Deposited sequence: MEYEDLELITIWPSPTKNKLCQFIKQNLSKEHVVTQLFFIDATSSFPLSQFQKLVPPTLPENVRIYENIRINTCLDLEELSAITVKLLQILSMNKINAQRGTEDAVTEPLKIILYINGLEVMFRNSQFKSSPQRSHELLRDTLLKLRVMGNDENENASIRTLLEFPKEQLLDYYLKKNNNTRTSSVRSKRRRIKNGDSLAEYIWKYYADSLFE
């Protein structure tokens, strides 16, 4: 999966550790652009062990890759909203400074269903849904910006078991959509297996 082919928001169900690593390697290795990975996780589970095996930090061509991966542990929607603010600042300033090389940001979020759950228990269902909505719609507008100096694309990881609506549509009792299904139906452009 090349950056240029990514949709504004893409769901990636249960990626293997090797596939995640290769995706990161291929994209951050692109010449003539600065590609960065912001990995935002509720469980602090970036596969560091596999990544170091496939992309050894001891090899010269790999130094910049490690320098352009940013890691964050994010426990709730309020923290994710703050991270989105920071990303928009980075993008906005890059665009401005670009006339005062091109920046390509991949925002990769794992465990969004647990951030949502956490927020929901600290606030309300209504507030969590409004914060989720506000953050996703903002990331779409950000990714949709025609500007060529700086771009963002968002990838959302979910376990396949939270996307049964998708797999069974191929071709079970259920009490409403999982967060993954909700996003699949209402916020994401596509889902990549």
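The deposited sequence has C-alpha coordinates everywhere except the stretches 101-107, 179-191.
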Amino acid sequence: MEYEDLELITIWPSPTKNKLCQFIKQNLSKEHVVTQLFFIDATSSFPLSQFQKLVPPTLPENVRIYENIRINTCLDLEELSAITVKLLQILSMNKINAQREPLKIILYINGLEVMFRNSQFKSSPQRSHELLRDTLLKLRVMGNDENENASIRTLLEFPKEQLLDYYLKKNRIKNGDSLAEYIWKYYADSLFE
From here on, numbers count along this sequence of modelled residues.
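In this entry, 115-123 has the higher mean Cα B-factor, the comparison being between 82-90 and 115-123. Comparing 43-51 with 66-74, the higher mean C-alpha B-factor in the PDB entry belongs to 43-51.
Highest C-alpha temperature factor among 152, 59, 163, 131, as the PDB entry reports it: 59. Comparing the listed residues 24, 173, 180, 9, the entry records the largest Cα B-factor for 173. The entry lists a Cα temperature factor for residue 28 that places it in the middle third of the chain's modelled residues. The PDB entry assigns residue 2 a C-alpha temperature factor belonging to the middle third of its chain's modelled residues. Placement of the Cα temperature factor of residue 135 within the chain: lowest third of the modelled residues, per the deposited record. Residue-level temperature factors show residue 147 in the highest third of its chain, judged at the C-alpha atom. Annotation for residue 185: CA B-factor lies in the lowest third of the chain's modelled residues.
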